[PDB]
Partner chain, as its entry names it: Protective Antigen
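Given as structure tokens, the chain that follows is alone and in the form deposited without its partner chain.
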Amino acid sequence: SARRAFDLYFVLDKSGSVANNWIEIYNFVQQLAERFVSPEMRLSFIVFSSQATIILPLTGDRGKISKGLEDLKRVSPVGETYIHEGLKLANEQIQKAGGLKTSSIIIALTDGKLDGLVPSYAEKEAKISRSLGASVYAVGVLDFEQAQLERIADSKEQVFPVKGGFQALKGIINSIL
């Protein structure tokens, strides 16, 4: 089919710094998983704090997606911000699904407040994402670090604030196309 199939990987920050704004991260994902969820699309739900976890493996089944959203709702944000581990679990599923032979999109929800080695590990891991043929988007939360999100996303054009709401979602939907 001329219609391009898309694999969407949500890499969600569940650290302590976003604990009071976790509803904003869930709302964005819940809105995106229904407003722009055409057939032949597949989604994955990944969260990260001090450890990364695949809450929803890559699937297009509407039932498992719905149950993945229910699991995101019960998430208790706490811990460090190891976004490279979250990106790494997306890269593992991308390579498994076919790597360069897939059309994979990574959407990271975070405040970009990284510490220690995570800035370099996150930038390196995102380059692995781009080497696998994936397009990386960064959706900033709270008073997010714009410069940090630009060094992770493909460009400043792929960095958007979550406060933009439906307009920001639409901008990301039009950007994916």
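Numbering follows the first chain given and starts at 1.
Separately, the form solved in complex with its partner chain exists; it is not shown, and the next lines address it.
Contact between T81 and its partner chain in the entry with it bound is found at the 4.5 Å heavy atom cutoff.
Although the partner is absent here, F36 lies well away from its partner chain in the entry with it bound, with no heavy atom inside 4.5 Å. Heavy atoms of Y26 never reach within 4.5 Å of its partner chain in the entry with it bound, leaving it off the interface. Its partner chain in the entry with it bound comes within 4.5 Å of a heavy atom belonging to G116.
Using a 4.5 Å cut-off to its partner chain in the entry with it bound, not one of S104, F166 and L169 places a heavy atom inside that distance.
Interface residue among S131, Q146, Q31, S50, judged by heavy atoms within 4.5 Å of its partner chain in the entry with it bound: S50. Stretch-level contact check against its partner chain in the entry with it bound with heavy atoms at 4.5 Å: of 118 to 126, 37 to 45, 148 to 156, 60 to 68, the positive one is 118 to 126. The partner is not shown here, but in the entry with it bound the stretch 19 to 45 reaches within 4.5 angstroms of its partner chain through a heavy atom at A19, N20.
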